[PDB]
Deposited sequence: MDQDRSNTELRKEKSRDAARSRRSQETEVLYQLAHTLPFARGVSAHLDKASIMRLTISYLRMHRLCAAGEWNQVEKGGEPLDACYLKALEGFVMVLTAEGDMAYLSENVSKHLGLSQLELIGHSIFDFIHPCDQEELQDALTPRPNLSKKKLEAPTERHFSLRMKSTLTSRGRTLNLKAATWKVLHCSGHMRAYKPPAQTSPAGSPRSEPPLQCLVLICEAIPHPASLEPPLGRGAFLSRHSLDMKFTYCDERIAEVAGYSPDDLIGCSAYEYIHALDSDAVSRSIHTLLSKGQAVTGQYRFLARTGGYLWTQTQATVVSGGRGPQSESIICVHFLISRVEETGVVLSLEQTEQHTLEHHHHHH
């Protein structure tokens, strides 16, 4: 019967350990022994990692970002997640640090993640991911097993000192809009296209959007659309959109599948019409 006396000793000192964790007064009491342990393990590992770094306004940085920071190990272990992850997935860092990323991402994105764990510079990473999120328009209203898939654009670097540190941002669900069918044929486009590119919105309806991108970008756009069609949301790189009488403009696009199903695209102009004297496509030539 001294066995359970020692057992009470052990978990008294594990609750002690809980009180030693870097969380608020009272947060201890919503934990279980397993999560207490896990959080301690990961606090020590993140302290060991930060100790390897060779080094007032510091708190602006996380405040300046939109998404959250994530540190993934070589074995896909979520080594670190910032607090604001709760604002993007509902799941707080209290319930995520230490667990494996493959337990929280869509099964058809795990290959892409692992390829990322092994035009671009050798060690820069850009990939789209679908993570579990318990958030709705009312807050954290979903229990974990009815969690939905949230698309995150994650960009970061592979740093071995061995990690992959990412900024993971959400794509907002819908100023300048365009609406397409799943074949990307224009069903609607913002009236501001005339002062931006030269096209009347009525002249674009029915036309295929792929005819209006520079060929040098097609591949890229293509890939993005595939993501848009397989994950529900996507964001492109910078690409060239052909103006009416000639030339092109640099732009970026976020895209969301809605609803039977349509595509909504939010476009951000990066530059104004370049090379307006130059005709590139057959349509520019006729309208010239």
item	value
Sequence ranges without modelled C-alpha atoms (deposited numbering)	1-16, 72-79, 143-151, 195-212, 226-235, 321-326, 356-364
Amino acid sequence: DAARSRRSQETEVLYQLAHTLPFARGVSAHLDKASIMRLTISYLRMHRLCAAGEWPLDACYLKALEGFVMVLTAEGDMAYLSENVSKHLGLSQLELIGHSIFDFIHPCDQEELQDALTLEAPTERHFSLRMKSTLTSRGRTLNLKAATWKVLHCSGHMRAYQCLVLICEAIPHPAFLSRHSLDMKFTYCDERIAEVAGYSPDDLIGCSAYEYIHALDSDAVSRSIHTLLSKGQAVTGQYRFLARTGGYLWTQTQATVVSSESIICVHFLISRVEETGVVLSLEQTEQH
From here on, numbers count along this sequence of modelled residues.
item: Mean C-alpha B-factor comparison - 19-27 and 271-279, higher one; value: 19-27
item: Of 243-251 and 39-47, the one with larger mean CA B-factor; value: 39-47
item: Of the residues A215, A146, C189, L119, the one carrying the largest Cα B-factor as recorded; value: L119
item: Residue, from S178, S155, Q162, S181, that the PDB entry assigns the highest Cα B-factor; value: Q162
item: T236 - which third its CA temperature factor falls in, relative to the rest of the chain; value: lowest
item: Third of the chain, ranked by Cα B-factor, where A74 sits; value: highest
item: Third of chain Cα B-factors occupied by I225; value: lowest
item: Cα B factor band for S137 (lowest, middle or highest third within the chain); value: middle
item: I263 - Cα temperature factor, lowest/middle/highest third of chain; value: lowest
